[PDB]
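Written out below as structure tokens is the structure these notes cover.
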Amino acid sequence: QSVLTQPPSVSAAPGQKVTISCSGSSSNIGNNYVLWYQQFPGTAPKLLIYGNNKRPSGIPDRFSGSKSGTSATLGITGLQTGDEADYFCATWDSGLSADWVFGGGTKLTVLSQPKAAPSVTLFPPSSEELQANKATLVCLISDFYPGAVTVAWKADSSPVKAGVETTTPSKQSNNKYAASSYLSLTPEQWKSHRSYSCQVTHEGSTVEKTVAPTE
Amino acid sequence: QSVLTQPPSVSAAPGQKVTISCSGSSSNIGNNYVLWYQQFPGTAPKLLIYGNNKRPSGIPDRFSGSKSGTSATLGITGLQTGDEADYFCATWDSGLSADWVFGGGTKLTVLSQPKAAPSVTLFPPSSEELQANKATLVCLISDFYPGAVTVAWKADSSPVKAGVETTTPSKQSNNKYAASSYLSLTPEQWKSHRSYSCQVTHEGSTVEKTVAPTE
Amino acid sequence: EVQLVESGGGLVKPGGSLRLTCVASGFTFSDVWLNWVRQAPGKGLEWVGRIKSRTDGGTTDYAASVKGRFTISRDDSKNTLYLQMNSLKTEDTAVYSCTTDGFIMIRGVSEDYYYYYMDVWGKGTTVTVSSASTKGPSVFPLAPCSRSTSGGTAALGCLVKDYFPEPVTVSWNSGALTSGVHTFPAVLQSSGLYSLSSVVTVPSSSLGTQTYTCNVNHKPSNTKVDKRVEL
Amino acid sequence: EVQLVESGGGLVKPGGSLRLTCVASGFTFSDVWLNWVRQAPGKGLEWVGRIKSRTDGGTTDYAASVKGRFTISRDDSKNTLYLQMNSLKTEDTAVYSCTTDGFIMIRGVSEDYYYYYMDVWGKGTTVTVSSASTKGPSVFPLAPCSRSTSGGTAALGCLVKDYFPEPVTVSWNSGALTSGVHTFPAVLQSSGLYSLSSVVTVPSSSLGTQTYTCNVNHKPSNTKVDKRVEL
Amino acid sequence: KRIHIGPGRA
Amino acid sequence: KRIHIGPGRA
């Protein structure tokens with residue numbers, strides 16, 4: 001779902017260094033010049049780097065860019081809380097329509113509080129929903145920091161991808177993050193397995209919750 | 001769904017005569033004696049006739065009974081509004097368990113007001129229901145007298161029996177009758193035909209309402 | 001002063017068990033034959049079985065449809081009749097009542113004739129065999145198909161689908177609207193869930209002046225739904 | 001003081017048409033190249049096409065995913081950019097915004113280098129291509145699976161399924177309960193309908209003292225649902 | 001001498 | 001003299 005590929009998120013404490021990669025193909029990054037953009041919530045993207053490694057006036061040299069083959073990288077040194085934003089790379093395709101192509105974007109979090117593991121609650125389908133010939137498992141993920149997670153569902157032990165809908169992380173009132181994941185099933189399926197699980201990965205550590213039709 | 005068979009309803013004006021038939025088989029009516037019961041809403045059945053044609057003390061001779069072969073009949077002369085109730089026949093099976101068997105009952109209405117044709121309203125599935133992956137056609141039948149009707153659904157012009165649920169006639173505050181009929185469809189089916197119709201038959205005359213997905 | 005009062009009815013899952021009891025009063029219980037009868041919604045009365053008096057052997061008879069799964073017994077000691085139901089099927093869903101075999105006696109010239117019939121009847125106890133459980137209704141608006149402005153009066157309504165158990169209460173505009181209101185009795189579905197409709201007829205020439213909100217209250221599941229109907 | 005303001009977004013059925021317009025201000029419109037970009041929910045930015053300046057031929061380029069169905073044009077006369085969308089597919093659903101190709105100029109020793117980039121960006125206009133229409137939510141109770149009495153706190157909730165469009169408001173006990181309440185952002189379904197959940201955590205050692213009713217208000221369809229959650 | 005007319009009777 | 005670095009450019 002993204003022409004150029006960048007990691008979805010990266011985190012570091014103020015004063016530290018950080019790098020964000022951007023992978024493409026010979027048709028785009030390989031053949032042309034890379035641009036890097038910085039974007040703050042509710043504002044237009046701001047040009048950070050152009051011509052692979054050049055900085056527009058106003059951009060401090062703590063920002064650097066490089067391109068090697070079909071990959072490009074953005075570096076930021078001496079992190080400041082004010083650098084917390086989204087960063088995406090761009091180029092154009094050397095095809096006939098000369099498309100501008102973009103990366104999926106990288107959210108940079110400048111640690112302003114201690115990292116928090118997420119709270120996870122997994123609800124099985126309600127009895128009322130089943131009688132409506134439907135079954136939804138609800139996985140609620142809250143109070144985590146920084147704001148990025150990965151959600152995987154399991155049927156017994158087999159991974160499950162069909163029927164999953166996960167919202168993007170959202171900022172809570174207390175500055176931590178929240179997110180939801182739903183798994184659509186058929187009343188039949190729900191009863192067909194011993195259990196179902198929702199495992200959320202955050203900063204390496206993975207939390208896992210389970211539910212069983214048994215009760 | 002009734003061991004012995006009787007017409008579901010019968011009507012006549014006060015002072016008139018009326019007869020209610022009851023059909024069975026050699027195993028029941030043919031071999032044994034028939035009993036006839038009278039029942040008023042919210043009360044226990046009252047014995048009207050026994051031994052095919054005998055009346056219990058208190059039962060006026062306006063009531064008579066007869067049995068011919070595997071059929072039995074109940075007659076009532078000089079009808080009074082007070083005779084309005086349900087009437088069912090009974091006997092026992094000459095089989096090993098000696099079951100008491102019953103007729104489905106015939107509702108006798110003693111005309112106490114001018115006959116009224118029914119009002120029929122047909123609603124197509126709501127847009128909100130369709131998005132819920134369901135579709136129900138609603139046929140509402142009200143203000144008819146006496147209280148008996150027949151409801152038939154049509155897909156384009158073909159009769160439809162699958163997915164139909166009809167309530168039994170019900171007595172309204174103004175002494176007339178009401179009933180509902182529902183037709184369950186799939187959003188697909190509903191759109192698959194030019195139209196759907198609900199035709200209600202009452203005292204010979206048939207009313208018919210139609211709906212088309214067109215709008 | 002004769003009567004039969006049964007109890008023990010309720011909701012049971014398919015396959016489950018249920019024990020109905022019937023208490024009698026007003027006559028010598030031990031001397032009569034007892035019957036269990038049932039009437040499912042829509043269908044006609046069906047005899048379930050009987051238990052003869054102790055004097056007549058105290059034996060029991062069962063309808064072919066329940067033999068092996070149902071058992072009848074009596075405790076003359078306390079005027080009580082019992083019906084133990086096992087391996088219940090959804091098709092066993094019905095109103096169950098007890099009745100006694102009574103008789104009208106006639107003295108003939110040389111013989112005495114006894115004509116039997118179901119004499120005393122109980123009010124019955126409801127037995128529901130369904131996998132269905134408590135559930136609030138789905139409320140859908142019922143707007144007139146054709147643009148209603150041609151006819152003098154327009155009909156608006158609410159479809160109160162799939163709820164359980166009964167009852168559902170419906171009012172319009174919090175009770176302020178009562179004229180031209182018709183709430184139809186519920187229809188029972190195979191699933192065991194009920195559905196009903198409520199319609200109000202208003203002057204076609206008036207649509208637009210105000211609003212019509214149906215207030216659906218389903219106490220059994222503590223669900224309240226207010227839905228405005230429009231067109 | 002440069003800006004781009006687009007409009008024309010809305011809901012369209014699959015197969016329908018839509019015409020977006022973008023008005024610019026603060027610079028010489030005729031001299032810049034214009035782009036249309038779009039970002040669907042969750043996905044990344046996708047370039048839709050561009051229209052060169054009249055000086056450069058005024059020709060247009062289109063992404064392979066929209067060629068044949070989309071058309072871009074400009075009216076330098078009134079600082080306006082147009083996007084005509086035909087044969088819309090649900091996959092065209094996204095926020096559409098116009099951007100200009102700007103440039104950073106660098107003077108080298110012998111040559112002058114012009115590095116172009118998307119400079120000014122509009123806030124965008126939402127285009128939803130769905131057969132979905134106004135619909136109230138189905139509210140289901142979310143009770144803890146395992147009998148929650150072991151853990152210190154219990155979580156209760158409400159599943160507000162299949163509604164449209166946004167937003168849905170949720171409160172507990174009419175606003176009297178605000179501590180320990182978490183209403184999660186909605187998830188968008190393929191059907192075009194939304195669903196969200198709201199949970200409240202209470203002391204496990206307290207369940208039984210009072211009740212918890214979630215008040216779901218969906219103004220867009222004038223639907224109010226009050227559902228008591230129990231266990 | 002007694003005649004019995006009914007199901008389950010002699 | 002001028003060098004142009006961009007899509008559809010020269």
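Identifiers in this document derive from the order of the structure tokens: chains are assigned A, B, ..., residues are numbered from 1 separately in each chain, and ligands are numbered from 1 in order of occurrence.
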What's the 6 Å shell around range 108-115 of chain C, counting only C-alpha atoms, without same-chain residues fewer than 2 positions away, as a PDB file with N, CA, C and O atoms, in the first residue's frame?
```
ATOM      1  N   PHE C 103     -66.770 -37.932  33.336  1.00  0.00           N
ATOM      2  CA  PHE C 103     -67.778 -38.750  32.687  1.00  0.00           C
ATOM      3  C   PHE C 103     -69.202 -38.286  32.927  1.00  0.00           C
ATOM      4  O   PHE C 103     -69.517 -37.702  33.963  1.00  0.00           O
ATOM      5  N   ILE C 104     -70.050 -38.537  31.937  1.00  0.00           N
ATOM      6  CA  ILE C 104     -71.464 -38.231  32.025  1.00  0.00           C
ATOM      7  C   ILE C 104     -72.064 -39.635  32.118  1.00  0.00           C
ATOM      8  O   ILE C 104     -71.785 -40.489  31.276  1.00  0.00           O
ATOM      9  N   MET C 105     -72.861 -39.883  33.150  1.00  0.00           N
ATOM     10  CA  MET C 105     -73.462 -41.195  33.323  1.00  0.00           C
ATOM     11  C   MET C 105     -74.937 -41.203  32.930  1.00  0.00           C
ATOM     12  O   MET C 105     -75.696 -40.316  33.311  1.00  0.00           O
ATOM     13  N   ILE C 106     -75.323 -42.203  32.145  1.00  0.00           N
ATOM     14  CA  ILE C 106     -76.701 -42.352  31.690  1.00  0.00           C
ATOM     15  C   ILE C 106     -77.218 -43.732  32.058  1.00  0.00           C
ATOM     16  O   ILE C 106     -76.553 -44.731  31.788  1.00  0.00           O
TER      17      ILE C 106
ATOM     18  N   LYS E   1     -74.030 -54.054  36.082  1.00  0.00           N
ATOM     19  CA  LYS E   1     -73.657 -54.029  34.670  1.00  0.00           C
ATOM     20  C   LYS E   1     -73.342 -52.566  34.215  1.00  0.00           C
ATOM     21  O   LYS E   1     -74.184 -51.676  34.331  1.00  0.00           O
ATOM     22  N   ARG E   2     -72.079 -52.312  33.781  1.00  0.00           N
ATOM     23  CA  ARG E   2     -71.631 -50.954  33.333  1.00  0.00           C
ATOM     24  C   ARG E   2     -70.945 -51.012  31.897  1.00  0.00           C
ATOM     25  O   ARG E   2     -69.974 -51.756  31.707  1.00  0.00           O
ATOM     26  N   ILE E   3     -71.559 -50.262  30.879  1.00  0.00           N
ATOM     27  CA  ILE E   3     -70.956 -49.960  29.482  1.00  0.00           C
ATOM     28  C   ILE E   3     -70.055 -48.726  29.563  1.00  0.00           C
ATOM     29  O   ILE E   3     -70.460 -47.683  30.088  1.00  0.00           O
ATOM     30  N   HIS E   4     -68.834 -48.847  29.053  1.00  0.00           N
ATOM     31  CA  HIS E   4     -67.876 -47.747  29.079  1.00  0.00           C
ATOM     32  C   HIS E   4     -67.503 -47.262  27.687  1.00  0.00           C
ATOM     33  O   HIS E   4     -66.996 -48.025  26.871  1.00  0.00           O
ATOM     34  N   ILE E   5     -67.756 -45.988  27.419  1.00  0.00           N
ATOM     35  CA  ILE E   5     -67.442 -45.412  26.122  1.00  0.00           C
ATOM     36  C   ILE E   5     -66.285 -44.420  26.247  1.00  0.00           C
ATOM     37  O   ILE E   5     -66.485 -43.266  26.627  1.00  0.00           O
TER      38      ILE E   5
END
```
Query - Test item: residues at most 7 Å from range 120-135 of chain B, only C-alpha atoms, excluding those fewer than 3 positions along its chain, as JSON, numbers by chain - result: {"B": [138, 139, 140, 141, 142, 184, 185, 186, 187, 209, 210, 211], "C": [140, 141, 142, 144, 145], "D": [132, 135]}
Requested in this report: Quick one: superpose chain A on chain B on all Cα atoms, same order, and give the RMSD.
Outcome: 0.6 Å
Could you superpose chain F on chain E by least squares over every Cα, matched in sequence order, and send it back as a PDB file with C-alpha atoms, in the first residue's frame?
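That gives us part_12.pdb:
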```pdb
ATOM      1  CA  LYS F   1     -73.629 -53.917  34.970  1.00  0.00           C
ATOM      2  CA  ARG F   2     -71.939 -51.147  33.004  1.00  0.00           C
ATOM      3  CA  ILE F   3     -70.776 -50.162  29.626  1.00  0.00           C
ATOM      4  CA  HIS F   4     -67.801 -47.804  29.226  1.00  0.00           C
ATOM      5  CA  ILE F   5     -67.251 -45.727  26.099  1.00  0.00           C
ATOM      6  CA  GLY F   6     -63.823 -44.102  26.065  1.00  0.00           C
ATOM      7  CA  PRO F   7     -60.063 -44.370  25.503  1.00  0.00           C
ATOM      8  CA  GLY F   8     -58.386 -47.090  27.522  1.00  0.00           C
ATOM      9  CA  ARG F   9     -61.776 -48.091  28.713  1.00  0.00           C
ATOM     10  CA  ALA F  10     -63.525 -51.340  28.682  1.00  0.00           C
TER      11      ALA F  10
END
```
**Report entry** Nearby residues (only C-alpha atoms) at most 9 Å from range 31-38 of chain B, same-chain spacing under 3 positions excluded, as a VMD selection string
**Finding:** (chain B and resid 25 to 28 44 to 54 65 to 67 69 to 70 72 74 83 85 to 94) or (chain C and resid 117) or (chain E and resid 5 to 7)
Query - Spatial neighbours of range 84-101 of chain D, max dist 9 Å, only C-alpha atoms, sep filter under 3 positions, as JSON, numbers by chain - result: {"D": [4, 5, 6, 9, 12, 13, 14, 15, 16, 17, 18, 19, 20, 21, 22, 32, 33, 34, 35, 36, 37, 38, 39, 40, 41, 66, 68, 69, 70, 71, 72, 73, 81, 116, 117, 118, 119, 120, 121, 122, 123, 124, 125, 126, 127, 128, 129, 130, 131, 190]}
Would you output that residue set with N, CA and C atoms, as a compact mmCIF listing (two decimals), in the first residue's frame?
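Result saved to out.txt:
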```txt
# COMPACT_ATOMS: atom_id res chain seq x y z
N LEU D 4 -4.18 26.83 -1.42
CA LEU D 4 -4.96 26.09 -2.41
C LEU D 4 -6.18 25.56 -1.68
N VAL D 5 -7.36 25.95 -2.14
CA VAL D 5 -8.58 25.51 -1.50
C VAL D 5 -9.43 24.69 -2.46
N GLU D 6 -9.58 23.41 -2.15
CA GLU D 6 -10.37 22.54 -2.99
C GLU D 6 -11.75 22.29 -2.41
N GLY D 9 -15.99 17.60 -2.88
CA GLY D 9 -16.00 16.27 -2.33
C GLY D 9 -17.36 15.91 -1.79
N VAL D 12 -20.57 9.46 -3.28
CA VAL D 12 -21.01 9.09 -4.61
C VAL D 12 -21.16 7.58 -4.68
N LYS D 13 -22.15 7.11 -5.43
CA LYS D 13 -22.39 5.68 -5.59
C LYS D 13 -21.33 5.12 -6.53
N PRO D 14 -21.03 3.82 -6.43
CA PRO D 14 -20.01 3.29 -7.35
C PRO D 14 -20.52 3.48 -8.78
N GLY D 15 -19.65 3.93 -9.68
CA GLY D 15 -20.04 4.14 -11.05
C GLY D 15 -20.39 5.60 -11.35
N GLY D 16 -20.73 6.36 -10.31
CA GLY D 16 -21.09 7.76 -10.49
C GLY D 16 -19.96 8.70 -10.89
N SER D 17 -20.27 9.99 -10.89
CA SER D 17 -19.32 11.03 -11.27
C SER D 17 -19.16 12.09 -10.19
N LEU D 18 -18.05 12.80 -10.26
CA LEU D 18 -17.77 13.84 -9.29
C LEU D 18 -16.78 14.79 -9.94
N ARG D 19 -16.92 16.08 -9.65
CA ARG D 19 -16.04 17.09 -10.21
C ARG D 19 -15.45 17.88 -9.07
N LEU D 20 -14.14 17.78 -8.88
CA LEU D 20 -13.50 18.52 -7.81
C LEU D 20 -12.90 19.78 -8.40
N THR D 21 -12.87 20.86 -7.63
CA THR D 21 -12.28 22.09 -8.12
C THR D 21 -11.29 22.57 -7.07
N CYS D 22 -10.26 23.27 -7.51
CA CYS D 22 -9.23 23.79 -6.62
C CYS D 22 -8.92 25.23 -7.04
N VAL D 32 2.73 27.71 -12.90
CA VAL D 32 3.06 26.47 -12.22
C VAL D 32 2.39 25.24 -12.76
N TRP D 33 3.01 24.10 -12.47
CA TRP D 33 2.49 22.80 -12.84
C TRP D 33 1.64 22.42 -11.63
N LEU D 34 0.52 21.75 -11.89
CA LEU D 34 -0.37 21.35 -10.82
C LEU D 34 -0.52 19.84 -10.74
N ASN D 35 -0.67 19.33 -9.53
CA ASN D 35 -0.83 17.90 -9.30
C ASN D 35 -2.06 17.64 -8.47
N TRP D 36 -2.62 16.46 -8.66
CA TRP D 36 -3.74 16.03 -7.83
C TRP D 36 -3.16 14.82 -7.11
N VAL D 37 -3.31 14.77 -5.79
CA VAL D 37 -2.82 13.61 -5.04
C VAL D 37 -3.97 13.14 -4.16
N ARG D 38 -3.86 11.93 -3.67
CA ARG D 38 -4.92 11.41 -2.84
C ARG D 38 -4.35 10.45 -1.82
N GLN D 39 -5.02 10.40 -0.68
CA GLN D 39 -4.61 9.53 0.38
C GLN D 39 -5.84 8.89 0.98
N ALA D 40 -5.98 7.60 0.73
CA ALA D 40 -7.10 6.84 1.25
C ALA D 40 -6.81 6.54 2.72
N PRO D 41 -7.85 6.22 3.50
CA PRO D 41 -7.67 5.91 4.92
C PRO D 41 -6.65 4.78 5.11
N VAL D 66 -5.86 5.49 -12.77
CA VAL D 66 -7.00 6.35 -13.07
C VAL D 66 -7.11 6.79 -14.53
N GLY D 68 -8.11 7.13 -18.24
CA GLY D 68 -9.33 6.74 -18.93
C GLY D 68 -10.58 7.17 -18.20
N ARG D 69 -10.50 7.24 -16.87
CA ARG D 69 -11.65 7.64 -16.07
C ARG D 69 -11.56 9.05 -15.51
N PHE D 70 -10.34 9.53 -15.26
CA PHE D 70 -10.13 10.87 -14.68
C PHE D 70 -9.62 11.86 -15.71
N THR D 71 -9.96 13.13 -15.54
CA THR D 71 -9.50 14.16 -16.46
C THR D 71 -9.15 15.42 -15.70
N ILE D 72 -7.97 15.95 -15.96
CA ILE D 72 -7.54 17.17 -15.28
C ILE D 72 -7.53 18.30 -16.30
N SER D 73 -7.83 19.51 -15.84
CA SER D 73 -7.85 20.68 -16.72
C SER D 73 -7.67 21.93 -15.87
N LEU D 81 -8.18 24.79 -10.81
CA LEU D 81 -7.75 23.48 -11.27
C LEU D 81 -8.96 22.56 -11.13
N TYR D 116 12.82 20.50 -8.48
CA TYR D 116 11.39 20.65 -8.21
C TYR D 116 10.84 19.74 -7.10
N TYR D 117 9.73 20.16 -6.50
CA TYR D 117 9.09 19.40 -5.43
C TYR D 117 7.66 19.89 -5.22
N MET D 118 6.82 19.07 -4.59
CA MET D 118 5.46 19.50 -4.30
C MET D 118 5.63 20.52 -3.18
N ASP D 119 5.38 21.79 -3.51
CA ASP D 119 5.54 22.93 -2.61
C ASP D 119 4.34 23.34 -1.73
N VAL D 120 3.28 23.85 -2.36
CA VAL D 120 2.08 24.26 -1.62
C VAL D 120 1.10 23.10 -1.65
N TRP D 121 0.47 22.83 -0.51
CA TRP D 121 -0.48 21.73 -0.42
C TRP D 121 -1.81 22.21 0.13
N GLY D 122 -2.90 21.71 -0.44
CA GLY D 122 -4.22 22.06 0.06
C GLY D 122 -4.58 21.11 1.19
N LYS D 123 -5.56 21.48 2.01
CA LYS D 123 -5.97 20.62 3.11
C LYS D 123 -6.76 19.42 2.61
N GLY D 124 -7.19 19.47 1.35
CA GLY D 124 -7.93 18.37 0.77
C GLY D 124 -9.44 18.41 0.94
N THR D 125 -10.11 17.54 0.19
CA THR D 125 -11.56 17.41 0.21
C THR D 125 -11.84 15.91 0.17
N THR D 126 -12.71 15.45 1.06
CA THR D 126 -13.01 14.02 1.14
C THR D 126 -13.98 13.49 0.09
N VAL D 127 -13.57 12.43 -0.59
CA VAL D 127 -14.41 11.80 -1.60
C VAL D 127 -14.71 10.37 -1.18
N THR D 128 -15.95 10.08 -0.83
CA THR D 128 -16.32 8.73 -0.44
C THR D 128 -17.17 8.05 -1.51
N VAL D 129 -16.68 6.94 -2.05
CA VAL D 129 -17.42 6.21 -3.07
C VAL D 129 -17.94 4.95 -2.42
N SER D 130 -19.20 5.01 -2.01
CA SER D 130 -19.82 3.89 -1.34
C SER D 130 -21.32 3.84 -1.60
N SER D 131 -21.86 2.63 -1.59
CA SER D 131 -23.28 2.43 -1.79
C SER D 131 -23.95 2.57 -0.44
N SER D 190 -15.37 -2.21 4.86
CA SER D 190 -15.45 -2.24 3.40
C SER D 190 -16.83 -1.74 2.94
```
Requested in this report: Determine the nearest neighbour of chain E from the options C:53, C:3, C:213, C:28, counting only C-alpha atoms.
Outcome: C:53
